[PDB]
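File shown: structure02.cif (mmCIF, C-alpha atoms; chains and numbers go by the auth columns).
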data_data
loop_
_atom_site.group_PDB
_atom_site.id
_atom_site.type_symbol
_atom_site.label_atom_id
_atom_site.label_comp_id
_atom_site.label_asym_id
_atom_site.label_seq_id
_atom_site.Cartn_x
_atom_site.Cartn_y
_atom_site.Cartn_z
_atom_site.B_iso_or_equiv
_atom_site.auth_seq_id
_atom_site.auth_asym_id
ATOM 1 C CA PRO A 1 -7.904 -3.006 -4.641 0.00 1157 A
ATOM 2 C CA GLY A 2 -6.603 -5.472 -7.223 0.00 1158 A
ATOM 3 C CA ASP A 3 -9.792 -5.010 -9.326 0.00 1159 A
ATOM 4 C CA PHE A 4 -12.657 -2.594 -10.062 0.00 1160 A
ATOM 5 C CA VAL A 5 -16.240 -3.482 -11.160 0.00 1161 A
ATOM 6 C CA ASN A 6 -17.800 -1.158 -13.741 0.00 1162 A
ATOM 7 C CA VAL A 7 -21.495 -0.418 -13.259 0.00 1163 A
ATOM 8 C CA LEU A 8 -24.089 2.081 -14.486 0.00 1164 A
ATOM 9 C CA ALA A 9 -25.180 4.340 -11.600 0.00 1165 A
ATOM 10 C CA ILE A 10 -28.747 5.716 -11.300 0.00 1166 A
ATOM 11 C CA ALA A 11 -29.466 9.062 -9.592 0.00 1167 A
ATOM 12 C CA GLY A 12 -32.916 7.844 -8.469 0.00 1168 A
ATOM 13 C CA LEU A 13 -36.351 6.484 -9.466 0.00 1169 A
ATOM 14 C CA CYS A 14 -39.066 8.727 -11.048 0.00 1170 A
ATOM 15 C CA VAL A 15 -42.091 6.548 -10.137 0.00 1171 A
ATOM 16 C CA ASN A 16 -45.265 7.217 -12.247 0.00 1172 A
ATOM 17 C CA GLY A 17 -43.473 10.448 -13.336 0.00 1173 A
ATOM 18 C CA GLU A 18 -44.984 11.626 -9.988 0.00 1174 A
ATOM 19 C CA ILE A 19 -42.743 10.728 -6.980 0.00 1175 A
ATOM 20 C CA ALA A 20 -38.943 11.007 -7.028 0.00 1176 A
ATOM 21 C CA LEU A 21 -36.982 8.588 -4.842 0.00 1177 A
ATOM 22 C CA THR A 22 -33.229 8.936 -4.224 0.00 1178 A
ATOM 23 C CA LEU A 23 -30.895 7.210 -1.737 0.00 1179 A
ATOM 24 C CA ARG A 24 -30.648 8.906 1.703 0.00 1180 A
ATOM 25 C CA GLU A 25 -26.894 8.326 2.032 0.00 1181 A
ATOM 26 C CA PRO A 26 -24.134 9.905 -0.165 0.00 1182 A
ATOM 27 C CA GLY A 27 -21.894 6.876 0.688 0.00 1183 A
ATOM 28 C CA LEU A 28 -24.214 4.470 -1.244 0.00 1184 A
ATOM 29 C CA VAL A 29 -24.836 4.087 -4.984 0.00 1185 A
ATOM 30 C CA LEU A 30 -27.791 2.598 -6.820 0.00 1186 A
ATOM 31 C CA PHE A 31 -26.605 0.692 -9.852 0.00 1187 A
ATOM 32 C CA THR A 32 -27.255 -1.933 -12.507 0.00 1188 A
ATOM 33 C CA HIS A 33 -24.605 -4.142 -14.259 0.00 1189 A
ATOM 34 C CA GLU A 34 -26.223 -3.547 -17.698 0.00 1190 A
ATOM 35 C CA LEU A 35 -24.060 -0.619 -18.985 0.00 1191 A
ATOM 36 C CA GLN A 36 -25.382 -0.164 -22.596 0.00 1192 A
ATOM 37 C CA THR A 37 -29.027 1.002 -21.791 0.00 1193 A
ATOM 38 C CA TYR A 38 -31.005 3.693 -19.791 0.00 1194 A
ATOM 39 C CA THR A 39 -32.877 0.904 -17.813 0.00 1195 A
ATOM 40 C CA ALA A 40 -31.976 -2.660 -16.755 0.00 1196 A
ATOM 41 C CA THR A 41 -33.001 -6.181 -15.622 0.00 1197 A
ATOM 42 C CA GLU A 42 -32.273 -5.754 -11.822 0.00 1198 A
ATOM 43 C CA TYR A 43 -30.987 -3.107 -9.335 0.00 1199 A
ATOM 44 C CA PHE A 44 -28.522 -3.098 -6.410 0.00 1200 A
ATOM 45 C CA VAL A 45 -27.067 -0.801 -3.717 0.00 1201 A
ATOM 46 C CA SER A 46 -23.434 -0.826 -2.546 0.00 1202 A
ATOM 47 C CA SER A 47 -20.985 1.527 -0.918 0.00 1203 A
ATOM 48 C CA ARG A 48 -18.823 3.565 -3.319 0.00 1204 A
ATOM 49 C CA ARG A 49 -15.757 2.669 -1.140 0.00 1205 A
ATOM 50 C CA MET A 50 -16.073 -1.135 -1.447 0.00 1206 A
ATOM 51 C CA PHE A 51 -18.254 -3.284 -3.678 0.00 1207 A
ATOM 52 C CA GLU A 52 -20.657 -4.890 -1.186 0.00 1208 A
ATOM 53 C CA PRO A 53 -23.984 -5.180 -3.087 0.00 1209 A
ATOM 54 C CA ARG A 54 -27.490 -5.743 -1.657 0.00 1210 A
ATOM 55 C CA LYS A 55 -31.022 -5.362 -3.029 0.00 1211 A
ATOM 56 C CA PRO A 56 -32.478 -1.886 -2.285 0.00 1212 A
ATOM 57 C CA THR A 57 -34.786 -1.524 0.750 0.00 1213 A
ATOM 58 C CA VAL A 58 -37.766 0.872 1.111 0.00 1214 A
ATOM 59 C CA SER A 59 -35.748 2.382 4.032 0.00 1215 A
ATOM 60 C CA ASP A 60 -32.752 3.364 1.818 0.00 1216 A
ATOM 61 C CA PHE A 61 -34.876 5.806 -0.292 0.00 1217 A
ATOM 62 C CA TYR B 1 27.266 24.815 -14.971 0.00 914 B
ATOM 63 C CA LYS B 2 28.498 24.108 -18.555 0.00 915 B
ATOM 64 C CA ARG B 3 28.830 27.938 -18.824 0.00 916 B
ATOM 65 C CA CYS B 4 31.142 28.441 -15.837 0.00 917 B
ATOM 66 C CA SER B 5 34.223 26.430 -17.068 0.00 918 B
ATOM 67 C CA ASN B 6 34.232 28.304 -20.420 0.00 919 B
ATOM 68 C CA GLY B 7 35.817 31.637 -19.372 0.00 920 B
ATOM 69 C CA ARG B 8 34.852 33.392 -22.699 0.00 921 B
ATOM 70 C CA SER B 9 32.268 35.397 -20.644 0.00 922 B
ATOM 71 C CA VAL B 10 32.921 37.073 -17.227 0.00 923 B
ATOM 72 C CA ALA B 11 31.546 35.014 -14.318 0.00 924 B
ATOM 73 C CA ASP B 12 28.288 36.276 -12.733 0.00 925 B
ATOM 74 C CA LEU B 13 27.197 35.595 -9.098 0.00 926 B
ATOM 75 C CA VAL B 14 26.025 32.001 -9.863 0.00 927 B
ATOM 76 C CA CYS B 15 29.546 31.088 -11.116 0.00 928 B
ATOM 77 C CA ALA B 16 31.395 33.149 -8.430 0.00 929 B
ATOM 78 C CA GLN B 17 29.673 30.903 -5.831 0.00 930 B
ATOM 79 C CA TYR B 18 30.710 27.775 -7.804 0.00 931 B
ATOM 80 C CA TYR B 19 34.406 28.787 -7.949 0.00 932 B
ATOM 81 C CA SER B 20 33.994 29.373 -4.175 0.00 933 B
ATOM 82 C CA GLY B 21 33.014 25.643 -4.104 0.00 934 B
ATOM 83 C CA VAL B 22 29.198 25.828 -3.500 0.00 935 B
ATOM 84 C CA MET B 23 26.668 24.251 -5.893 0.00 936 B
ATOM 85 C CA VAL B 24 22.893 24.761 -6.015 0.00 937 B
ATOM 86 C CA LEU B 25 21.617 21.401 -7.246 0.00 938 B
ATOM 87 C CA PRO B 26 18.697 21.186 -9.760 0.00 939 B
ATOM 88 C CA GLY B 27 15.342 21.851 -8.042 0.00 940 B
ATOM 89 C CA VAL B 28 14.031 18.594 -6.483 0.00 941 B
ATOM 90 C CA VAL B 29 11.025 18.648 -8.842 0.00 942 B
ATOM 91 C CA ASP B 30 10.747 20.626 -12.064 0.00 943 B
ATOM 92 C CA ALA B 31 7.705 22.831 -12.800 0.00 944 B
ATOM 93 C CA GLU B 32 6.781 20.296 -15.545 0.00 945 B
ATOM 94 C CA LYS B 33 6.270 17.459 -12.959 0.00 946 B
ATOM 95 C CA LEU B 34 4.646 19.894 -10.516 0.00 947 B
ATOM 96 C CA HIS B 35 2.200 20.853 -13.353 0.00 948 B
ATOM 97 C CA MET B 36 1.454 17.167 -14.189 0.00 949 B
ATOM 98 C CA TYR B 37 0.660 16.586 -10.476 0.00 950 B
ATOM 99 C CA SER B 38 -1.715 19.557 -10.360 0.00 951 B
ATOM 100 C CA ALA B 39 -3.526 18.404 -13.538 0.00 952 B
ATOM 101 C CA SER B 40 -3.620 14.835 -12.111 0.00 953 B
ATOM 102 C CA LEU B 41 -5.467 16.245 -9.079 0.00 954 B
ATOM 103 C CA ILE B 42 -7.906 18.426 -11.155 0.00 955 B
ATOM 104 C CA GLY B 43 -8.574 15.549 -13.613 0.00 956 B
ATOM 105 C CA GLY B 44 -9.019 13.184 -10.630 0.00 957 B
ATOM 106 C CA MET B 45 -12.302 15.022 -9.812 0.00 958 B
ATOM 107 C CA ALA B 46 -13.757 14.076 -13.239 0.00 959 B
ATOM 108 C CA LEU B 47 -12.493 10.445 -12.931 0.00 960 B
ATOM 109 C CA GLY B 48 -15.837 8.767 -12.174 0.00 961 B
ATOM 110 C CA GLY B 49 -14.450 5.368 -13.255 0.00 962 B
ATOM 111 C CA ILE B 50 -11.446 3.584 -14.885 0.00 963 B
ATOM 112 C CA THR B 51 -13.421 3.062 -18.193 0.00 964 B
ATOM 113 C CA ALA B 52 -12.253 6.631 -18.922 0.00 965 B
ATOM 114 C CA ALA B 53 -13.492 6.931 -22.585 0.00 966 B
ATOM 115 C CA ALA B 54 -14.935 10.471 -22.029 0.00 967 B
ATOM 116 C CA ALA B 55 -14.787 12.969 -19.113 0.00 968 B
ATOM 117 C CA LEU B 56 -17.603 13.105 -16.503 0.00 969 B
ATOM 118 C CA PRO B 57 -19.679 16.367 -16.547 0.00 970 B
ATOM 119 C CA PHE B 58 -18.492 18.387 -13.529 0.00 971 B
ATOM 120 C CA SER B 59 -22.095 19.391 -12.712 0.00 972 B
ATOM 121 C CA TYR B 60 -22.400 15.728 -11.540 0.00 973 B
ATOM 122 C CA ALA B 61 -19.196 15.635 -9.431 0.00 974 B
#
With the file now loaded, output its structure as structure tokens.
Amino acid sequence: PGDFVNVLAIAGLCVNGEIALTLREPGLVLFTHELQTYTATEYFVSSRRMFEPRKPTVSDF
Amino acid sequence: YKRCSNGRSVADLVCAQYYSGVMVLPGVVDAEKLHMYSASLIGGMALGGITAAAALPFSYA
């Protein structure tokens, strides 16, 4: 790699404070570009090994 | 080997070899570089990203 992209990673989603979702796969990270805050405008999933982002799917969690 | 040309002290085994023509060269890597490599590998587990302003809690790695 010539470059790295710096992103705030999220362990998972604590929906209603009731149901905890996390990614199935340890090769994928759930992230937002918005580094300076605990929550953000929109969310993405990419491999940790290369930056190839996509919107999360109900089947990733 | 600065010692062995100055005959003011009797030659020990490391100089007796050198007068016999055989030189042990400095170790290929010093224990200072071998320590920096080991700490580079231990620290490289807490290196969660190149924005390295503070170390990543190891309970997350």
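If we count only C-alpha atoms, these residues of chain A sit within 12 Å of chain B: residues 1159, 1160, 1161, 1162, 1163, 1164, 1165, 1166, 1167, 1182, 1191 and 1204 of chain A.
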Dump as a short mmCIF file (atom, residue, chain, number, x, y, z; two decimals), keeping the file's coordinate frame, selection limited to C-alpha atoms:
data_model
loop_
_atom_site.label_atom_id
_atom_site.label_comp_id
_atom_site.auth_asym_id
_atom_site.auth_seq_id
_atom_site.Cartn_x
_atom_site.Cartn_y
_atom_site.Cartn_z
CA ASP A 1159 -9.79 -5.01 -9.33
CA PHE A 1160 -12.66 -2.59 -10.06
CA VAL A 1161 -16.24 -3.48 -11.16
CA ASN A 1162 -17.80 -1.16 -13.74
CA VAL A 1163 -21.50 -0.42 -13.26
CA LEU A 1164 -24.09 2.08 -14.49
CA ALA A 1165 -25.18 4.34 -11.60
CA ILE A 1166 -28.75 5.72 -11.30
CA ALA A 1167 -29.47 9.06 -9.59
CA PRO A 1182 -24.13 9.90 -0.16
CA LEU A 1191 -24.06 -0.62 -18.98
CA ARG A 1204 -18.82 3.56 -3.32
#
*What lies within 9 Å of segment 947-960 of chain B using only C-alpha atoms, ignoring chain neighbours under 4 positions off, as an NGL selection string?*
:B and (942-943 or 965 or 968-971 or 973-974)
*asked:* Just checking: using all atoms listed in the file, which residue out of A:1178, A:1202, A:1197, A:1188 ends up closest to residue 1217 of chain A?
replied: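 Among A:1178, A:1202, A:1197, A:1188, it is A:1178 that comes nearest to residue 1217 of chain A.
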*Separation of atom CA of residue 1214 of chain A from atom CA of residue 1177 of chain A in Å*: 9.8 Å
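Between atom CA of residue 1203 of chain A and atom CA of residue 1183 of chain A the separation is 5.7 Å.
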_Counting all atoms listed in the file, the residue of B:961, B:922, B:914, B:966 that sits nearest residue 938 of chain B_ =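 Among the listed residues, B:914 lies closest to residue 938 of chain B.
Once residue 937 of chain B and its same-chain neighbours fewer than 6 positions away are set aside, residues 914, 927, 930 and 931 of chain B remain within 10 Å of it when counting only C-alpha atoms.
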*Enter the distance from atom CA of residue 1192 of chain A to atom CA of residue 1215 of chain A, in Å, rounded to one decimal.*
28.7 Å
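Closest approach to residue 1211 of chain A among A:1176, A:1196, A:1170, A:1186 is made by A:1186 (distances from only C-alpha atoms).
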_Could you check the closest approach to residue 1169 of chain A for each of A:1190, A:1199, A:1184, A:1209 and tell me which residue wins, using all atoms listed in the file?_
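Looking at the shortest contact to residue 1169 of chain A, the residue is A:1199.
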*Identify the residues around (25.7, 31.3, -15.4) within a radius of 9 Å, measuring from only C-alpha atoms in the coordinates stated by the file, and give them as a VMD selection string.*
chain B and resid 914 to 917 924 to 928
